[PDB]
Amino acid sequence: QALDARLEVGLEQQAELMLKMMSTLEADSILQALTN
Amino acid sequence: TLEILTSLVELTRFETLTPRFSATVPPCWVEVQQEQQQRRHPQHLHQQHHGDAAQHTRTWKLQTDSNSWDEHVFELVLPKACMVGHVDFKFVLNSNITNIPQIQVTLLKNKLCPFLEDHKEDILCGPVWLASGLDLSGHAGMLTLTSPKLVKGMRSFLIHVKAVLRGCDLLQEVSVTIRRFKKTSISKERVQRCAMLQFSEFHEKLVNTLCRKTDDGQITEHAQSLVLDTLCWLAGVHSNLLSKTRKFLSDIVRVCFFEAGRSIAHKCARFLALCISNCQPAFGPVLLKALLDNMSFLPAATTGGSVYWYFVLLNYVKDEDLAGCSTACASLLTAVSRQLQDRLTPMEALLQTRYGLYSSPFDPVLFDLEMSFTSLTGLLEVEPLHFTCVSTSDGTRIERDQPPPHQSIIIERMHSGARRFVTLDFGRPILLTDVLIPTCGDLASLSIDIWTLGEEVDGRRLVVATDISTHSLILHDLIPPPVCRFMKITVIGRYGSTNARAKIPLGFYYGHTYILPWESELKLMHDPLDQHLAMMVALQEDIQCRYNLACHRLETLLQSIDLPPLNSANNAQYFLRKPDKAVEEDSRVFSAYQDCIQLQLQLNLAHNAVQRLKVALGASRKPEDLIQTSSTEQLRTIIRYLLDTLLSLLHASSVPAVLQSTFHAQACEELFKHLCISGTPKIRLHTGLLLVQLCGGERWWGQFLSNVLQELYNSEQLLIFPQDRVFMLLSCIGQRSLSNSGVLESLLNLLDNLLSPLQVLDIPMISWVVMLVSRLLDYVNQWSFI
Amino acid sequence: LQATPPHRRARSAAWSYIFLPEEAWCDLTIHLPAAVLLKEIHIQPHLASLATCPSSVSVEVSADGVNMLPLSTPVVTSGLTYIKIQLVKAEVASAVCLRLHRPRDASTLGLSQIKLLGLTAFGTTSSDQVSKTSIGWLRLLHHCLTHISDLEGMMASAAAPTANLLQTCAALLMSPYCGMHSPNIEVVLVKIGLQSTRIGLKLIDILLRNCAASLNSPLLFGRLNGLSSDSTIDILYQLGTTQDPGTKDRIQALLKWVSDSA
Amino acid sequence: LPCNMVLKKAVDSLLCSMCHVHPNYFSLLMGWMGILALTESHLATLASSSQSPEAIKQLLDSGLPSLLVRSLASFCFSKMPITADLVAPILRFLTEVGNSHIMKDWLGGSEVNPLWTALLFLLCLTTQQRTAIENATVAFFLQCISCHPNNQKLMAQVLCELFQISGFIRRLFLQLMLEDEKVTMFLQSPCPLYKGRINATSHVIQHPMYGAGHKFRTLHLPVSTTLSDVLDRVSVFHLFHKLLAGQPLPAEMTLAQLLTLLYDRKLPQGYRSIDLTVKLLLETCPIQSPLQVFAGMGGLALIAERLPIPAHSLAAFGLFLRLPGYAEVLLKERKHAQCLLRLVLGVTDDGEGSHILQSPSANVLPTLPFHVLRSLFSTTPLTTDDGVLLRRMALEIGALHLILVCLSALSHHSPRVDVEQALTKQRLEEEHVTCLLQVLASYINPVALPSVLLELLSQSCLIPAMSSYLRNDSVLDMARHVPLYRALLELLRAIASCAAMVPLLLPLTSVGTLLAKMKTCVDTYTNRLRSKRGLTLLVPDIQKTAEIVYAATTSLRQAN
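Residues numbered from 1 in each chain as written, not as in the entry; some residues may be left out. Chains lettered and ligands numbered in written order. Part of a larger assembly, values for the part shown. Heavy atoms only, no water.

A count of helices and strands for chain D gives 28 helices and 4 strands. In terms of C-alpha radius of gyration, chain D reaches 31 Å, well past the compact-globule figure of 24 Å for 560 residues. In chain D, buried positions account for 51% of the 560 residues. When the accessible surface of chain D is totalled, it reaches about 25,500 Å², and 58% of it is carbon and sulfur. With 46 positive and 40 negative side-chain charges, chain D shows a separation of 3 Å between the mean positions of the two kinds. (Helix = DSSP H or I, 4+ residues; strand = E, 2+ residues; numbered from the N terminus. Rg over C-alpha atoms; globule rule 2.2 N^0.38 Å. Buried < 20%, exposed > 50% of the residue type's maximum accessible area, 1.4 Å probe, protein only. Areas by Shrake-Rupley, 256 points an atom, 1.4 Å probe, with all protein chains shown as cover. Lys, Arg positive; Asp, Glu negative; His and termini not counted. Charge placed at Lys NZ, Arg CZ, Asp CG, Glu CD.)

Once that is clear, we can look at the interface of chain D and chain B. Taken together, the contact pairs 20 residues of chain D with 17 residues of chain B. Note on chain D versus chain B: buried area summed over both sides is about 1,700 Å², and carbon and sulfur give 53% of it. The largest per-residue losses of area from chain D upon contact with chain B belong to D:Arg171, D:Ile198 and D:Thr201, which jointly make up 23% of the total buried on that side. At the boundary of chain D with chain B, the tally comes to 2 salt bridges. Salt-bridge contacts for B:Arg553 lead to D:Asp349; the nearest nitrogen and oxygen are separated by 3.2 Å. The interface formed by chain D and chain B includes 7 residue pairs in polar contact. (Contact = heavy atoms within 4.5 Å. Buried area = accessible area lost by both parts, 1.4 Å probe. Salt bridge = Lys/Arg side-chain N within 4 Å of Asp/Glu carboxyl O. Polar contact = N/O pair within 3.5 Å; in protein donor to acceptor, adjacent residues only side chain to side chain.)

It is worth spelling out the interface of chain A and chain B at this point. On the side of chain B, 43 residues touch chain A, which itself brings 28 residues to the contact. Counting the surface lost from both chain A and chain B, the interface buries some 3,400 Å², and carbon and sulfur atoms represent 65% of this. The largest per-residue losses of area from chain A upon contact with chain B belong to A:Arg6, A:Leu11 and A:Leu34, which jointly make up 19% of the total buried on that side. Scanning the region where chain A abuts chain B turns up 2 salt bridges. On inspection of chain A and its partner chain B, the count reaches 8 residue pairs in polar contact. Among the residues making up the side of chain A that touches chain B, the classes are represented as 15 nonpolar, 7 polar and 6 charged. (Nonpolar A, V, L, I, M, F, W, Y, C, P; charged D, E, K, R; others polar.)

This brings us to the packing of aromatic side chains. Each aromatic ring pair is described using two quantities: the centre-to-centre distance and the angle formed by the ring planes. All names here are of chain B. Tallied over the entire structure, the rule returns 39 aromatic pairs over all chains. Between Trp29 and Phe74, the ring centres sit 5.1 Å apart and the planes meet at 55 degrees, which makes this aromatic pair tilted. Linking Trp29 in strand β3 (residues 29-31) with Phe74 in strand β5 (residues 72-77), this pair joins segments that are 45 residues apart in sequence. For the pair shown, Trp29 and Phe74 are each scored as buried. (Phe/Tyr/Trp six-rings, centres within 6.5 Å; stacked < 30°, edge-to-face > 60°.)

Right, let's talk about the sheet that holds strand β8 (residues 123-129) of chain B for a bit. Residues and elements named next belong to chain B. The strand order across the open sheet formed by 5 strands is β2-β5-β10-β7-β8, and the pairing between neighbours is antiparallel. Looking at the sheet topology across the chains shown, the edges are occupied by β2 (22-24) and β8. The mean angle between the axes of side-by-side strands here comes to 15 degrees, regardless of whether they run parallel or antiparallel. Two elements, β2 and β5, share 3 bridges in a ladder whose sense is antiparallel. Residue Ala23 lies in a different strand from β5, and its bridge partner there is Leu76. (Pairing = 2+ DSSP bridges. Axes fitted to C-alpha atoms, helices over the stretch in contact; angles between N-to-C directions.)

Honestly, it's all geometry; don't read function into it.
Have a look at this one:
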């Protein structure tokens, strides 16, 4: 979601995308767990 | 040494090929002008330094031919012989994609799949799975075609894309760009990179210095950061090196997440992220063991931002050995919860009950700050960045409607799809590290540019947000932080909108006001354009003095504050109509309490700023005794992450088979008593909800609720706690466990026993029990008036 | 029903009813989502054309919202710019049926707004004490005990013997203000307790040990034993520091309760 | 019971009462605790139960207070083993027992005053331990010196020794001396006092001697609190004290005056509380505050050497405080002086959560230091040695140079070698110029000077400013700035009265000629008014100053 375009220059754009996906998936699980 | 490490990093840098390569593709691939592709996001300003795609980038749309589903070959002749760093193979898939295609992408040289078997000797980049490059959107992604062979070379190439809509026919769009290694003064720079790629001893020694197992452990924090930069390049270029990292993983995790700052963890997180993305043993179990092995040291972690990444990685890798994460977290949570209850002070309990304020204003040490796993984290390591409005577009301006005051741009005429801009002068080059802009529905998109001298001199585009109407802008821990001074925000109004006046929250920006000599170094970036420590310590001492004075004020005001127990009708009226003097006392307490919290944040920031400067200088930042010596704020943060981890464990659920030897009647009671009574609202809520999801289905559960009710609300209980908030939790807990027949049975037995004197009555206890029982039963119209 | 009334000069009635030639009454049933303590019903006629104001209004109220019951005979409403029907006794009402009589001189009935004012049982909307409580008797007893000091003794002697008087005065002491300020209840308890040692001991037991009564018998189960307020503290201090033959015994009782507690 | 529990406090109050009835029981109590291993609970219980004359006397005679003080001093400089964790409990224990005036004298005695220096050295340990010890130490010293002149003197001496200003010491000074003293007031009445009470349950566990019920009240009020406020907190009602038998106390006495009377009436110094009776001399000086005692030892001069409200005003105050006797003139306005002292220490709050700038009479703060300095200078004549001493130190520190810089910045002149916002800024600057000119005149001619004085005033902006202001031909214009012109005329008269400064008036467009022209203008205006038939106090000022300046210039010219 709306990454900074400067990450494309190096080899860390995929790494940063994967970290945010980690963070977002964890946030969704907590919200889903709390809303049973 | 610092020079050799700096030399290695400069060797690992990249540049884009200034002159465009030629490409020959099957007829079904049709090129598109780069201006057309970048119409939404023009690169014409970047064209000056050949950054625009028209000078170096080729693009092809796919035509659904007869064999479009089959092999595709992009033959790529470079403009000149060069030290090629990698080839970026970008692809965008059709949004309506039922399945991810099985397409292998490989790079060859001009004079396994049948074509590749024939061209086996010409392979430069091994077969790359198409799915590996996917983006989060589901229909997007990119492959960074690279390999040791590609680095070990210097005229034409072949990109072979074969599908094992079908296969490549689902591949709507592809694009390729080439990036070379930066031109470095180092002699035989090509030979130096070849050396790093081949020799294993280089990799092993890198791990040792990162772990501070070399040079008497005097490796500076900046030195560790550089080592991670080299490691990131190695993993990206390669895809045995994994063995060195895996064998020393425990120490790597320890030093980077419990002894370093947020940036090191983020860089280490990036390095570990790349490693996961790569016939070797599964990496998940190995990473999990290291994280779990260091978990017991969480109470001794240095910064909250460091722990954040630690728990993020663990959350991804928890899927293996579910019991270990659960048992480790449960053991640590039970261990940490006991101390948390033991550290509650009577003054803290009074604030929680009378006012609902759950911070520890008398505990100066924080661990984490967030702004908003959905918020900026580790914000104690960075400073709030103040700015002054210097120039504006049209009649717009800013108004205020240490941390910067909340500011928003008021625009007198918004129109529809109309661009406006504001230029922010920080008054100095500031190392910008974090930015947060609240979601603004008045505009369709938001662009951020940054420049030190001038927009057209050294102007940089920080970000462009197209979903800023439905999401806030959050830039978290920029790894190559810009060194800008001036901030231009250009906002494009919403389409189909004519709101006369617009109020766009400017947001918040963080970083540092003292760029280190290496931080400001313009040679360490891609495509460029000690006294402070003494002063900071002087300021920190002032904040300590004032914060202690503010803390003393809170105690003096609270020492005259009294909390009537909720056990009599007169007490009930006290809560129903707060007398004016009682109202004023709360107003003074709230004002005084805010002062303590503000100064607590500043003290931690001042401590964090001073520690950064002492960390620039060669220095290092620092089982059950650790919990004993941990700060209160650190324990609360650890429990939150642990509670969230356990909650995700239950949601993601054999994990219920384990956690039954623990979380028994006493442990459930112990956990509830320690955390739900005294904990923060989020900890309270999560502990209650966690207890329901785990033990709600046990036979003793109803007895636990009644025993909790008996112990906490009987009139012989002197414990001060938020009965109303805890009671709301209990009502919520019973509702979510009301399917267990024992809940209402035991609750009515308590009511039965409490009323036995009629057939001494404890009327307040009866009131609590009846209301709980009443709310639970009505969940199980004439009574709608109640 | 809209909370915001139309403009006072709204030239057209917000609602109008055309009467058939044989129809005398039109009815408007307001059902509420839940029962409320209805206290007033306001009806706003169309002020521009008062000829369409109903000649009379018959209010029926249903606590259960099903069985309507007329509150009273229809109220004559012709010639009124505003119809304010106040219920003398607030009634639980989940439905209100207004029966409006055809105007004297018009075939159409025009109304602007209907308000149902009242309270809920609980929540934010849940906003003669002597007549609804027993406090009047305690005020009478206090007047007898205190109005003429020279008679105090006799009065107390006449009041002390009655069973459960001290328990009742203690119960009224610890209740929320109900038409008698706590200090007067304290005066009653102290003056009764000081007229002889036996009731001083009983009062000490009530304030410290057991305040319960000693289907018609008084119970006073509602209050926790030994609860303290400024009132109980003042009563205990005056009992302890009052100089009389029983003083010693009272102190003894106090110390006994201390030892027992320990 | 666990410590600090209110129930434990009540049981300990019962124990205190029993000890007061049977003092020998107290001895037995101390026997039961081992008076060695004293837990914090033992200390709490002993401190609570020891609050009786007999009990406190026996506690002192047991040697436990001395043993604790000696062990604490031994710990600080590193007969009982004392650890840092027990320091704060022990400091609180000493504080509670020091509530009594006898233990207050003992804690301030010769044997214990070394412990004060020991603690101060120790603090000037884990962070939590250090914070706890700091809080306990501040409370301990505040209790020790609370309405105790001897302990106030002792602590001021210790702090002066310490300085011969940041971190713990600044906080301690702010809390101890830069906060108003609070005394506990014990009110008795023959009738219940209901005002100030809430029907809800409140557990106020005080010392049993403070009584119970509606006829007794105990307040913790600043010593500045007026007796009328005390009465209004409980309710015609008259406050009485047993010492002043049969003499109604005025309701505006304030607790400082009452303390002065009681100490004059032999109330033991450091007595825990003022016991008044609610039944139904104003010139007396208030008791010296800790700040007043500290300043009386010359501490305020020492502070200055270690140092919206203008920053320049604060700098001027900091500079002026180094002068001998400036502090004495400063303390005539106790509250404003306290506010300024808090301001210079990097503290914006007035100690009650209110920002100083938003505090009452904050508009006098910016110019108060210069008014105080003018009062100081005016009372020190040249003939007395003190006048020369004061002037010489004022020049040495840089007071005159700063004054001239402020004059150049405010009058917009330079060294010789929206609309309403600007108008009010100009008016404030005009007031600053008036006060500065008066300050210079007093410094010159108080109500002798360095010979180099003329060089400074000539190289300054003073001559340009006076020349520009004297070139006013409209008497009505002079009527609109009466204070400024009065100050200018006073400065011109003072200069013309000093033959070594007269040369500043004669040509260097001289100032004296301009004064003569203004005199002619005013005389002509008065003649015009006569023909037609705050200038009243200004129309003689111009004449007198013109006459004197002209006489001085003529005398100088004859001297030449």
